[PDB]
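**Q** Generate a structure from the sequence data that follows.
(5 chains, ligands or ions: 14)
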Amino acid sequence: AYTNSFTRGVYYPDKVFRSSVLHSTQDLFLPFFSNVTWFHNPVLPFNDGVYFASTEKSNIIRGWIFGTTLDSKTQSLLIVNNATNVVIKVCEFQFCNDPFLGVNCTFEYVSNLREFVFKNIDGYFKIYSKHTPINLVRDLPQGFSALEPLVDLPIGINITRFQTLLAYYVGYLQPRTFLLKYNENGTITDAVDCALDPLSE
Amino acid sequence: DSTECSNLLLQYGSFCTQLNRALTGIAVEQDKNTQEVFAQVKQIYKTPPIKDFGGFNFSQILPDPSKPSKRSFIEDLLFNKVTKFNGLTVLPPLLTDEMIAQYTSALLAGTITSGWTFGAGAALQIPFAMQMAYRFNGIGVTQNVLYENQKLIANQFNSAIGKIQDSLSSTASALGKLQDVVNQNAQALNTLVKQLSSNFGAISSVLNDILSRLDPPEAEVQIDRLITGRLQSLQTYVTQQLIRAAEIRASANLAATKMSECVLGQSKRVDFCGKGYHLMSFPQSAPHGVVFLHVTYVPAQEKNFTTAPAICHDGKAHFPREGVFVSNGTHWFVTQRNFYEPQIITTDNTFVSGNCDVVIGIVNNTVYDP
Amino acid sequence: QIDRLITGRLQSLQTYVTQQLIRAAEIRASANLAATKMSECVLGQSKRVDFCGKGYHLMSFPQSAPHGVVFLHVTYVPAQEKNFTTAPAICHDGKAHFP
Amino acid sequence: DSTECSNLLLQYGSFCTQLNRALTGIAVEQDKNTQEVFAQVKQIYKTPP
Amino acid sequence: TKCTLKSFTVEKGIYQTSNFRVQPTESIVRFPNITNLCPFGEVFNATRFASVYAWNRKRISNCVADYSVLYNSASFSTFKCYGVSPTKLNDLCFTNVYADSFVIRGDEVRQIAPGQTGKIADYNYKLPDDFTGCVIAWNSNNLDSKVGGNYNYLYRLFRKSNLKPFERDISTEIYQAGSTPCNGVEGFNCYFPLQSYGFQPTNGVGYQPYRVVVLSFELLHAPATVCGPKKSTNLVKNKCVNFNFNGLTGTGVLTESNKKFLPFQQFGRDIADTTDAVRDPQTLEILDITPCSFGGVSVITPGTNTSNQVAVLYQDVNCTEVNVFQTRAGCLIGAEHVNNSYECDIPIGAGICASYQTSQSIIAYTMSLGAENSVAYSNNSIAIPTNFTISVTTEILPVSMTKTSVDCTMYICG
Ligand SMILES: *[C@@H]1O[C@H](CO)[C@@H](O[C@@H]2O[C@H](CO)[C@@H](O)[C@H](O)[C@H]2NC(C)=O)[C@H](O)[C@H]1NC(C)=O
Ligand SMILES: *[C@@H]1O[C@H](CO)[C@@H](O[C@@H]2O[C@H](CO)[C@@H](O)[C@H](O)[C@H]2NC(C)=O)[C@H](O)[C@H]1NC(C)=O
Ligand SMILES: *[C@@H]1O[C@H](CO)[C@@H](O)[C@H](O)[C@H]1NC(C)=O
Ligand SMILES: *[C@@H]1O[C@H](CO)[C@@H](O)[C@H](O)[C@H]1NC(C)=O
Ligand SMILES: *[C@@H]1O[C@H](CO)[C@@H](O)[C@H](O)[C@H]1NC(C)=O
Ligand SMILES: *[C@@H]1O[C@H](CO)[C@@H](O)[C@H](O)[C@H]1NC(C)=O
Ligand SMILES: *[C@@H]1O[C@H](CO)[C@@H](O)[C@H](O)[C@H]1NC(C)=O
Ligand SMILES: *[C@@H]1O[C@H](CO)[C@@H](O)[C@H](O)[C@H]1NC(C)=O
Ligand SMILES: *[C@@H]1O[C@H](CO)[C@@H](O)[C@H](O)[C@H]1NC(C)=O
Ligand SMILES: *[C@@H]1O[C@H](CO)[C@@H](O)[C@H](O)[C@H]1NC(C)=O
Ligand SMILES: *[C@@H]1O[C@H](CO)[C@@H](O)[C@H](O)[C@H]1NC(C)=O
Ligand SMILES: *[C@@H]1O[C@H](CO)[C@@H](O)[C@H](O)[C@H]1NC(C)=O
Ligand SMILES: *[C@@H]1O[C@H](CO)[C@@H](O)[C@H](O)[C@H]1NC(C)=O
Ligand SMILES: *[C@@H]1O[C@H](CO)[C@@H](O)[C@H](O)[C@H]1NC(C)=O
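**A** Numbering: from 1, shown residues only, chains lettered A, B, ... in the order given. Ligands and ions are numbered 1, 2, ... in the order given. And now the structure:
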């Protein structure tokens, strides 16, 4: 299955405040109105960044695995929110053939629609996210919202493939130029994909 | 704020100095432009408390004595329609807006109360109706026209001023020219400032990062790349400013000529002072510019007449002294060219020359002898 | 080393040439103005106001000068004046007489 | 048609886009020149046969 | 002015000769709160240490390493760093640091060093010849000795070959000293490869236990997570400073700001990519960075022919930050403010002009636009001239320049 990524996947590219400003920036964004794979635990590629999204009523999706082999051969990020506690590990874990939860470690940390952006640049694993209420079943909602950064991991583990841990969506970022509009309060209120159509160009 | 960068910069000689010198020349030139456009009157004339200008109503162009800077209503409309710490400063103009307003008020009051005489010499008062009679004789329309249509002319003028107010209040793009100028300058500066964030081939756009990270022997090469880039940015900016200032100087010379010939006199150059026959002009200030309100005479309702080049009375050929022979089908008259005012043909309308066997188109008529 | 020198001196020459082009544009505009003044002021009698001096133009005389021209504008200036009463027209037999 | 050269060129910032801007300004100005010189008549008059 | 014009005489006018710029009074450095300190304590202060043959390694990552706690301590008799100064380590970040800890006897401390041989270096713990890092050692007689002799610490006595740098061998294989295989059975030419130190408190200092920690530093193709303290200072507002916030440095005046930064935003930015406000890393407040007052210094002078007295106009500054006159063009010093209006002689700006007038001094005044006048306008009164004058004016126009021609090759490559 596939679905329309109307105008979602836009995230604050940095930690710089700007007010009432139209700023043009080129980064790995989810191209507007592109195809996002829609799923109801397959292994997926991580070419150059992954926009991930989930709609929930019972907290089914729990976590993620990122890595290269994910079979206790090379380090691999494991990000699991176990029922109250967020745990991030980068141990050379040995994973199951189908790693489901019952219905050498170099780092370790412990702490409706949800959007996440997982990208890996120069050994840093940027995780952006945004939570919102929603009343919709069969598809992503249409509208605009910007994603705050939440985690910047110094992990250094290079990632090629990944998998989810339990309806969700996967889209793939591309190196595109965007025009971002910042209102008086420093927040992104609109965006224009600079390679979508001639009017946007 | 970088000693090492300044030491490197001193090797390029006087590029910096001549850039500064060019910009200073531009600034002085701008002050000269404004001075030569507006300061064309040696004295500051002021209108009397009486507004007895023959029915013409100038209240929307004369200064408002209870107002921001003693500007007229239209000047205020014009002013409401037109809208750092990196080594860039903006020097203030030598003539403040209040002084420009005083100059245009002087020009306007001199024009109203004296005509063109204040430009030629001492301002000699003259009733405004008589001044308009002069301005009508200046376009080939006898003055009795004005004196017999004075109320209509005054009402048309007042309505035209009202329409000008409406046009300026409704359409902002009316002042596009001025606005464009401002935009251009701003954009240039923005571009210049943004050029500080480029690398030009260095490892970083931040001079301090290069200095703090690299050893001097290589930080020097990186800073040389940055210096060449930024010096080229400055040179491009200054050259664009020079060319654009030439543009503005040409327009300022044109505006000075228009004020001299159109406001301080009555021009006869076609379409120099608007479409129509020029009667007068009124200057108004505007941000970094001037606005001329050209009052012109435009013939409106026209008629078909039969015409002749001369008439044959006793074998003599009679030509019109000033006018043209016309016929309404039965009788012949001699009217002025620019306005149908037919008059009986008499030997003081026409002058004799030759006989009827040479002119091609001579007609027959009787020339009354008073 | 010579490449650095050549780039510097070539840049200086380009700057000089560009400034000269703009300055020559200035001078060409002024030369056109002077030619127009000679045509309309010396070879005729201009009626353009303030084009040929303050006052009503009578004539002009051109004088050479180093890299330029100097016009002596002879103009007419009204000097002494009087207040008079004035009228736009006068009734004689009911009819209006205008000057 | 060189990606590496283009990536090097965009290190200079707006050294190129402003050249394009200046040239387009010149072109618009040329059209304005021609219109000012010739389009001084509102209607197209015609001589009689 | 005389130098800036390269002349000993200066014509009447207003010249810009230099730039006024406030200097920074002091320096401020601000870094985030120093937390997540590296756990050196669990290495240096561990109650039990490893045997040298089984030396422990602790990985130090993602933390602030306050090396001073180590190099200012009086608790160490050996503190020897090769290729690095621990003081400069405070300014450096590494992907990993490694603390290798063990116990040897005093006479063997010298063997923990590059290019050394002996029992310990050959068979137990080996440093590389190009070792970069530190060796720290202190006597542990009070902790590792016992009256009856502490034998819990072991060393490897036999091995088939020398250790490679940082190699760790914990095998208890029976050492085959002869040609007969041992098959795990001890006997003639078949020896256990380990032997206990005998640590008694009355031993000579050369035979007393010493605890040793070796610090190694590692940079990988991964984020550098072990960084030095990088202490900060107090911040002062409303006065020009040179500042260094988390990653940015500059000069300006820091003032309480008006902006509402998002919880994750650190630096403000103007439209033209200029830093505008900063978030203080320790106090969650936003500080506007207004760059320190600066501007041109113009010299207003009559011709040196007439006088050598000058007035100085500081452009776009207050009269506190430099017979003083505050004009819209800046602060003017040495020019006497007069109420009377005159014709403009030396233009200053915003309608102010300065001139040298009578006993004589330089004065600044709002320039006059000309004598005011009224025309006695009435609806039935006209003024007619009765005489005239013939006036000859003089208009000077440049026509041409000098025809300079420049030889490019001769100018450039003489
Ligand atoms: C000249 O025209 C102005 C209007 O342009 C007249 O001012 C108006 O006067 C009426 C009556 O007092 C007011 O209701 C309007 O609001 C005024 N309009 C403006 C724009 O001021 C003025 O009265 C006219 N001059 C004379 C002498 O009548
Ligand atoms: C052409 O004009 C003449 C003069 O205006 C007209 O003759 C006059 O006609 C009026 C009547 O409207 C008489 O009262 C005058 O006495 C006439 N004047 C003379 C001198 O005869 C003439 O009728 C006009 N022709 C046309 C076709 O309208
Ligand atoms: C997504 O791809 C499918 C074909 O794979 C196409 O039919 C659809 O139009 C695409 N989505 C959009 C928004 O164009
Ligand atoms: C910005 O936030 C304030 C509250 O802090 C709010 O009052 C204001 O309306 C917001 N601005 C916009 C444009 O929403
Ligand atoms: C004048 O007459 C011509 C015919 O000769 C006609 O075409 C034209 O419309 C007339 N003008 C007016 C104003 O009626
Ligand atoms: C005007 O044209 C007509 C038509 O040919 C001709 O008969 C007449 O002689 C001409 N008259 C003049 C004065 O041109
Ligand atoms: C005018 O009248 C004369 C006689 O007086 C006659 O010879 C001539 O033909 C007439 N011309 C016209 C154009 O009617
Ligand atoms: C005309 O009368 C006015 C009185 O208002 C006076 O000011 C003016 O000087 C007089 N003109 C001459 C030339 O005397
Ligand atoms: C940082 O530590 C200081 C004590 O040194 C404390 O006063 C301050 O509240 C801390 N800041 C934060 C953001 O916790
Ligand atoms: C180790 O413990 C001692 C107790 O005397 C203490 O002074 C020292 O600071 C501690 N060092 C570390 C690194 O924990
Ligand atoms: C200026 O000073 C010189 C002496 O250097 C003198 O010869 C000249 O007359 C002076 N001129 C004026 C106008 O003061
Ligand atoms: C500088 O002077 C202006 C008035 O010209 C005043 O408003 C301002 O407060 C002064 N500066 C300071 C720091 O007070
Ligand atoms: C100028 O006049 C003002 C009053 O308008 C007065 O306060 C001030 O002291 C006067 N200055 C001088 C220098 O006379
Ligand atoms: C006109 O002015 C001249 C001086 O230029 C004087 O000699 C002459 O007498 C004046 N004439 C009259 C009539 O005032």
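**Q** Could you use CA atoms for every contact and neighbour count after this?
**A** Noted.
**Q** quick one, what contacts residue E:389?
**A** Listed by CA atoms under 8 Å, 6 or more residues apart in numbering or on different chains, the contact set of residue E:389 reads C:76-79.
**Q** same check, this time on residue A:106
**A** Residue A:106 makes contact with A:90-91, A:155, E:61, according to CA under 8 Å, 6+ apart.
**Q** Now the two most distant members of these.
**A** Using CA to CA, the two most remote members of the contacts of residue A:106 are A:91 and E:61, lying 14.2 Å apart.
**Q** which residue sits closest to the closest residue to ligand 1 within chain E, ignoring its sequence neighbours?
**A** Chain E approaches ligand 1 most closely through residue E:379 (14.9 Å), counting by CA to the nearest ligand atom. Nearest residue to residue E:379, sequence neighbours excluded (CA to CA, 6 or more residues apart in numbering or on different chains): residue B:127, at 4.9 Å.
**Q** And that neighbour, how far from residue B:133?
**A** Distance, residue B:127 to residue B:133, using CA to CA, to the nearest Å: 10 Å.
**Q** So those two - more neighbours on which side?
**A** The neighbour count for residue B:127 versus residue B:133, taken as other CA atoms under 10 Å in any protein chain shown, is higher for residue B:127 (24 against 21).
**Q** you'd agree that one is up against residue E:377?
**A** Yes. Shown here, residue B:127 and residue E:377 form a contact pair, counting by CA atoms under 8 Å, at 7.1 Å.
**Q** which residues does the residue nearest the centre of chain E contact?
**A** Geometric centre of chain E, nearest residue: residue E:244, 6.3 Å, by CA atoms, centre = their mean. Taking CA under 8 Å, 6+ apart, we find residue E:244 in contact with E:28-30, E:250.
**Q** So what pairs up with it in the strands?
**A** Beta-bridge partners recorded for residue E:244 (DSSP bridges): residue E:29, residue E:249.
**Q** now it: how far from chain B?
**A** Residue E:244 sits 11 Å away from chain B, going by CA to the nearest CA, to the nearest Å.
**Q** how close does that residue sit to residue B:56?
**A** To residue B:56, residue E:244 is 69 Å away according to CA to CA.
**Q** Quick check: the residue lying closest to residue A:112 once chain neighbours are set aside vs residue A:113, distance?
**A** Excluding the flanking residues, the one nearest residue A:112 by CA to CA, 6+ apart is residue A:133, at 4.7 Å. According to CA to CA, residue A:133 stands 6 Å off from residue A:113.
**Q** So whichever residue of the stretch 151-300 of chain E sits closest to ligand 8, which state does it fall into?
**A** For the stretch 151-300 of chain E and ligand 8, the shortest gap (CA to the nearest ligand atom) falls at residue E:300, measuring 40.9 Å. Three-state assignment for residue E:300 (DSSP: H, G, I helix; E, B strand; the rest coil): strand.
**Q** okay, now residue E:302: neighbour count?
**A** Residue E:302: 24 surrounding residues under other CA under 10 Å.
**Q** Quick check on the nearest residue to it once chain neighbours are set aside: phi, psi?
**A** Using CA to CA, 6+ apart and skipping the chain neighbours, the partner closest in space to residue E:302 is residue E:12 (4.3 Å). Backbone torsions of residue E:12, given as degrees, to the nearest 10, read phi -60, psi 130.
**Q** show me what contacts residue E:12?
**A** Contacts for residue E:12 were tallied using CA under 8 Å, 6+ apart; they are E:301-304.
**Q** which of the residues you listed are buried?
**A** Among the contacts of residue E:12, those buried by neighbour count (16 or more other CA atoms under 10 Å in any protein chain shown) are E:301-303.
**Q** all helices for the stretch 301-414 of chain E, in order.
**A** Secondary structure of the stretch 301-414 of chain E (DSSP state H, counting those that start in this stretch): helices located at E:408-412.
**Q** Write out the residues of it neighbouring chain B.
**A** Within the stretch 301-414 of chain E, the positions lying close to chain B (CA under 8 Å from any CA of the partner chain) are E:328-329, E:347-352, E:369-384.
**Q** Which ones, among the residues you listed, also lie beside ligand 8?
**A** The subset of these within reach of ligand 8, by CA under 6 Å from any ligand atom, is residue E:376.
**Q** ok, of the residues of the stretch 301-414 of chain E next to chain B, which come out buried?
**A** Neighbour counting by 16+ other CA under 10 Å classes E:328-329, E:347-352, E:369-370, E:374-384 among those as buried.
**Q** ok and the residue in chain E nearest ligand 14?
**A** As assessed by CA to the nearest ligand atom, ligand 14 sits closest to residue E:387 within chain E, at 4.9 Å.
**Q** and the gap between that residue and residue B:114?
**A** Counting by CA to CA, the gap from residue E:387 to residue B:114 is 18 Å.
**Q** okay, those two: which has more neighbours?
**A** Legend: neighbour count by other CA under 10 Å for residue E:387 and residue B:114, higher for residue B:114 (25 against 10).
**Q** how about the more buried one, what does it touch?
**A** Residue B:114 makes contacts with B:123-126, B:131, E:375, as judged by CA under 8 Å, 6+ apart.
**Q** unless I'm mixing things up, residue E:17 is touching residue E:6, no?
**A** No. In this structure, residue E:17 is not within contact of residue E:6 by CA under 8 Å, at 11.5 Å.
**Q** Of these two, which one has the most company?
**A** Remark: of residue E:17 and residue E:6, residue E:17 carries more neighbours, 14 against 9, as counted by other CA under 10 Å.
**Q** Now do the SS call for that one.
**A** Following three-state DSSP, the label given to residue E:17 is strand.
**Q** where does whichever residue of the stretch 101-250 of chain E sits closest to ligand 4 sit relative to residue E:20, distance-wise?
**A** Ligand 4 sits closest to residue E:237 of the stretch 101-250 of chain E, with a gap of 24.8 Å, by CA to the nearest ligand atom. Using CA to CA, residue E:237 is found at 22 Å from residue E:20.
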